[PDB]
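Asker: Input input_18.txt, format and content: compact mmCIF, C-alpha atoms.
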# COMPACT_ATOMS: atom_id res chain seq x y z
CA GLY A 102 0.00 0.00 0.00
CA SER A 103 2.98 2.31 -0.48
CA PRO A 104 2.99 5.28 -2.88
CA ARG A 105 4.06 4.72 -6.45
CA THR A 106 7.34 5.70 -8.12
CA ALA A 107 8.15 5.62 -11.83
CA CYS A 108 9.84 2.88 -13.83
CA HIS A 109 11.78 3.75 -16.94
CA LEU A 110 12.70 2.35 -20.35
CA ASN A 111 16.28 1.26 -21.00
CA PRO A 112 17.53 2.28 -24.48
CA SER A 113 16.36 0.02 -27.29
CA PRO A 114 16.05 0.12 -31.10
CA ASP A 115 12.91 1.49 -32.65
CA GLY A 116 9.83 -0.30 -33.94
CA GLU A 117 9.95 -2.56 -30.88
CA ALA A 118 6.91 -2.42 -28.58
CA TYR A 119 4.86 -5.27 -27.12
CA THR A 120 5.42 -5.11 -23.32
CA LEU A 121 2.28 -3.43 -21.97
CA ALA A 122 1.53 -1.27 -18.95
CA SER A 123 -2.08 -0.85 -17.84
CA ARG A 124 -0.99 1.64 -15.15
CA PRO A 125 -1.21 5.44 -15.38
CA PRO A 126 2.01 7.38 -14.66
CA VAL A 127 2.86 9.53 -11.66
CA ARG A 128 0.35 12.18 -12.70
CA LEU A 129 0.65 14.37 -9.61
CA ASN A 130 4.07 15.98 -10.15
CA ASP A 131 2.44 18.78 -12.14
CA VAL A 132 -0.36 18.75 -9.57
CA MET A 133 2.33 19.36 -6.97
CA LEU A 134 3.72 22.11 -9.23
CA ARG A 135 0.30 23.71 -8.92
CA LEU A 136 -0.35 22.93 -5.28
CA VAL A 137 2.86 24.16 -3.63
CA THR A 138 1.88 27.60 -4.92
CA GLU A 139 -1.90 27.13 -4.66
CA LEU A 140 -1.16 26.59 -0.98
CA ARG A 141 1.28 29.50 -1.42
CA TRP A 142 4.27 27.66 -0.01
CA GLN A 143 7.82 28.99 -0.12
CA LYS A 144 9.73 26.54 2.11
CA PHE A 145 8.50 23.14 3.29
CA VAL A 146 9.45 19.55 4.12
CA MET A 147 8.33 16.36 2.39
CA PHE A 148 8.46 12.70 3.40
CA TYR A 149 8.31 9.18 2.02
CA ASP A 150 8.37 5.77 3.69
CA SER A 151 11.06 3.08 3.82
CA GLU A 152 10.28 1.05 0.68
CA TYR B 153 22.29 9.80 -13.48
CA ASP B 154 19.96 7.83 -11.21
CA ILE B 155 18.82 10.28 -8.53
CA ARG B 156 18.56 7.63 -5.79
CA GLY B 157 22.33 7.88 -5.31
CA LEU B 158 21.85 11.26 -3.60
CA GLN B 159 18.51 10.76 -1.82
CA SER B 160 20.14 9.96 1.54
CA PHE B 161 22.10 13.23 1.59
CA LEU B 162 18.91 15.18 0.85
CA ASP B 163 17.48 13.96 4.15
CA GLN B 164 20.16 15.04 6.62
CA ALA B 165 20.96 18.15 4.59
CA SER B 166 17.29 19.07 4.98
CA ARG B 167 17.73 18.16 8.65
CA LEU B 168 20.38 20.85 8.79
CA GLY B 169 17.33 23.09 8.33
CA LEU B 170 18.69 24.92 5.30
CA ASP B 171 17.01 26.38 2.19
CA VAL B 172 17.84 24.52 -1.03
CA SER B 173 16.30 24.19 -4.49
CA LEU B 174 16.90 21.29 -6.89
CA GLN B 175 17.32 21.58 -10.64
CA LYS B 176 18.06 19.37 -13.65
CA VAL B 177 20.58 20.09 -16.38
CA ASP B 178 19.32 18.62 -19.65
CA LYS B 179 21.35 16.86 -22.32
CA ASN B 180 21.95 19.95 -24.46
CA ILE B 181 23.64 22.95 -22.85
CA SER B 182 22.96 25.82 -25.25
CA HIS B 183 19.27 24.89 -25.12
CA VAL B 184 19.46 25.14 -21.32
CA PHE B 185 20.88 28.67 -21.50
CA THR B 186 18.31 29.39 -24.22
CA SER B 187 15.65 28.43 -21.70
CA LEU B 188 17.51 30.49 -19.08
CA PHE B 189 18.12 33.95 -20.47
CA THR B 190 14.96 34.20 -22.55
CA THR B 191 13.09 33.80 -19.25
CA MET B 192 15.76 35.23 -16.91
CA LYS B 193 14.62 38.61 -15.70
CA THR B 194 16.90 41.05 -13.93
CA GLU B 195 15.88 39.69 -10.52
CA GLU B 196 16.25 36.17 -11.94
CA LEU B 197 19.75 36.92 -13.18
CA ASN B 198 20.39 38.41 -9.73
CA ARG B 199 19.26 35.37 -7.78
CA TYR B 200 21.03 33.16 -10.30
CA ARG B 201 24.43 34.76 -9.79
CA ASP B 202 23.66 34.35 -6.10
Before we go any further, please render this structure as structure tokens.
Answerer:
Amino acid sequence: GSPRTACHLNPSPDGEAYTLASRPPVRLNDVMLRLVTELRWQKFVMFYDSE
Amino acid sequence: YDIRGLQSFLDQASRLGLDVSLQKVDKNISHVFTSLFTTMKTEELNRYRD
């Protein structure tokens, strides 16, 4: 039940795509870009668990 | 670079209680300065030489 980080793509030749992902990305980074100024924050502290 | 190699130092450096921003340098340099000075204002060029 931990929060979700991103997984990447190692470099590969083109025209090569079968391995599927039914999962949306981390779509809240831009939401955080909004919200740390929509809450009008200048300086603040963030946290994340062990895993 | 994989940013997890620095994520431990972020913690205790934040626990020094300091004031630090974090920025990426992209793969092309002249495009970075293109994105800089076209949007750098006077106050931005001031805080950037700081």
Asker: Adding 4 Å on each side of the box along x, y and z that holds all listed atoms of segment 185-197 of chain B, could you give its centre and edge lengths in Å to one decimal, as AutoDock Vina command-line options?
Answerer:
--center_x 17.0 --center_y 34.7 --center_z -17.4 --size_x 15.8 --size_y 20.6 --size_z 21.7
Asker: When you draw a straight line from atom CA of residue 184 of chain B to atom CA of residue 146 of chain A, how long is it in Å?
Answerer: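 According to the coordinates, atom CA of residue 184 of chain B and atom CA of residue 146 of chain A are separated by 27.9 Å.
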Asker: Only residues of chain B matter here; which ones have an atom within 9 Å of chain A, counting only C-alpha atoms? Give them as a list in words.
Answerer: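 Residues satisfying the distance criterion: residues 166, 171 and 172 of chain B.
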Asker: Kindly give the distance, in Å, that separates atom CA of residue 202 of chain B and atom CA of residue 188 of chain B, rounded to a single decimal.
Answerer: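 Calculated distance between atom CA of residue 202 of chain B and atom CA of residue 188 of chain B is 14.9 Å.
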Asker: Might you pull out every residue within 12 Å of residue 107 of chain A, with all atoms listed in the file counted and same-chain residues fewer than 5 positions away left off, and present them as a PyMOL selection string?
Answerer: chain A and resi 122+124-130
Asker: Okay, now the selection with C-alpha atoms, as a short mmCIF file (atom, residue, chain, number, x, y, z; two decimals), in the coordinates of the input?
Answerer:
data_model
loop_
_atom_site.label_atom_id
_atom_site.label_comp_id
_atom_site.auth_asym_id
_atom_site.auth_seq_id
_atom_site.Cartn_x
_atom_site.Cartn_y
_atom_site.Cartn_z
CA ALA A 122 1.53 -1.27 -18.95
CA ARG A 124 -0.99 1.64 -15.15
CA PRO A 125 -1.21 5.44 -15.38
CA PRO A 126 2.01 7.38 -14.66
CA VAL A 127 2.86 9.53 -11.66
CA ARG A 128 0.35 12.18 -12.70
CA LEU A 129 0.65 14.37 -9.61
CA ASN A 130 4.07 15.98 -10.15
#
Asker: If you measure from atom CA of residue 199 of chain B to atom CA of residue 162 of chain B, what distance in Å do you get, rounded to one decimal?
Answerer: 22.0 Å
Asker: Show which residues sit within 12 Å of residue 150 of chain A, as an MDAnalysis selection string. Count all atoms listed in the file, and ignore same-chain residues fewer than 4 positions away.
Answerer: chainID A and resid 102:106
Asker: Write the residues you've just listed into a file as a short mmCIF file (atom, residue, chain, number, x, y, z; two decimals), in the coordinates of the input, and include C-alpha atoms for each of them.
Answerer:
data_model
loop_
_atom_site.label_atom_id
_atom_site.label_comp_id
_atom_site.auth_asym_id
_atom_site.auth_seq_id
_atom_site.Cartn_x
_atom_site.Cartn_y
_atom_site.Cartn_z
CA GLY A 102 0.00 0.00 0.00
CA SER A 103 2.98 2.31 -0.48
CA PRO A 104 2.99 5.28 -2.88
CA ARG A 105 4.06 4.72 -6.45
CA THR A 106 7.34 5.70 -8.12
#
Asker: Could segment 153-182 of chain B be completed with N, CA and C atoms and written as a short mmCIF file (atom, residue, chain, number, x, y, z; two decimals), in the coordinates of the input, please?
Answerer:
data_model
loop_
_atom_site.label_atom_id
_atom_site.label_comp_id
_atom_site.auth_asym_id
_atom_site.auth_seq_id
_atom_site.Cartn_x
_atom_site.Cartn_y
_atom_site.Cartn_z
N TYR B 153 22.08 10.14 -14.88
CA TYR B 153 22.29 9.80 -13.48
C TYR B 153 20.98 9.34 -12.84
N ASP B 154 21.09 8.34 -11.98
CA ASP B 154 19.96 7.83 -11.21
C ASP B 154 19.94 8.56 -9.88
N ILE B 155 18.88 9.33 -9.64
CA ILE B 155 18.82 10.28 -8.53
C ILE B 155 18.79 9.64 -7.16
N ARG B 156 18.55 8.33 -7.07
CA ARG B 156 18.56 7.63 -5.79
C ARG B 156 19.93 7.59 -5.14
N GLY B 157 21.00 7.83 -5.89
CA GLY B 157 22.33 7.88 -5.31
C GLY B 157 22.61 9.10 -4.45
N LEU B 158 21.68 10.06 -4.40
CA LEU B 158 21.85 11.26 -3.60
C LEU B 158 20.74 11.43 -2.57
N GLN B 159 19.74 10.55 -2.57
CA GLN B 159 18.51 10.76 -1.82
C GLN B 159 18.73 10.66 -0.31
N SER B 160 19.78 9.97 0.12
CA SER B 160 20.14 9.96 1.54
C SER B 160 20.68 11.31 1.99
N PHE B 161 21.52 11.96 1.18
CA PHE B 161 22.10 13.23 1.59
C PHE B 161 21.07 14.35 1.63
N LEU B 162 20.00 14.22 0.83
CA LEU B 162 18.91 15.18 0.85
C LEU B 162 18.25 15.24 2.22
N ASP B 163 18.23 14.11 2.91
CA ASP B 163 17.48 13.96 4.15
C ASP B 163 18.16 14.74 5.27
N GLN B 164 19.42 14.41 5.54
CA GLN B 164 20.16 15.04 6.62
C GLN B 164 20.53 16.47 6.28
N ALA B 165 20.76 16.76 4.99
CA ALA B 165 20.96 18.15 4.59
C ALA B 165 19.70 18.99 4.79
N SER B 166 18.52 18.41 4.58
CA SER B 166 17.29 19.07 4.98
C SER B 166 17.15 19.14 6.49
N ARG B 167 17.70 18.16 7.20
CA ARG B 167 17.73 18.16 8.65
C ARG B 167 18.82 19.06 9.22
N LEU B 168 19.65 19.66 8.37
CA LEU B 168 20.38 20.85 8.79
C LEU B 168 19.48 22.07 8.84
N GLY B 169 18.28 22.00 8.26
CA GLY B 169 17.33 23.09 8.33
C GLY B 169 17.60 24.21 7.36
N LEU B 170 18.24 23.91 6.24
CA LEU B 170 18.69 24.92 5.30
C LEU B 170 17.62 25.17 4.24
N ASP B 171 17.96 25.96 3.22
CA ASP B 171 17.01 26.38 2.19
C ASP B 171 17.63 26.11 0.82
N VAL B 172 17.16 25.08 0.14
CA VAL B 172 17.84 24.52 -1.03
C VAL B 172 16.81 24.17 -2.10
N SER B 173 17.07 24.61 -3.33
CA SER B 173 16.30 24.19 -4.49
C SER B 173 17.05 23.10 -5.25
N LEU B 174 16.37 22.47 -6.19
CA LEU B 174 16.90 21.29 -6.89
C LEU B 174 16.58 21.42 -8.36
N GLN B 175 17.58 21.35 -9.23
CA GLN B 175 17.32 21.58 -10.64
C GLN B 175 18.09 20.61 -11.52
N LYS B 176 17.47 20.27 -12.66
CA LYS B 176 18.06 19.37 -13.65
C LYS B 176 18.82 20.18 -14.70
N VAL B 177 19.95 19.64 -15.15
CA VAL B 177 20.58 20.09 -16.38
C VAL B 177 20.28 19.06 -17.46
N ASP B 178 19.71 19.52 -18.57
CA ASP B 178 19.32 18.62 -19.65
C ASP B 178 20.53 18.23 -20.49
N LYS B 179 20.27 17.45 -21.54
CA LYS B 179 21.35 16.86 -22.32
C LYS B 179 22.04 17.87 -23.22
N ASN B 180 21.36 18.94 -23.60
CA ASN B 180 21.95 19.95 -24.46
C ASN B 180 22.08 21.25 -23.67
N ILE B 181 23.26 21.86 -23.75
CA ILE B 181 23.64 22.95 -22.85
C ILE B 181 23.15 24.29 -23.37
N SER B 182 23.37 24.55 -24.66
CA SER B 182 22.96 25.82 -25.25
C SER B 182 21.44 25.96 -25.23
#
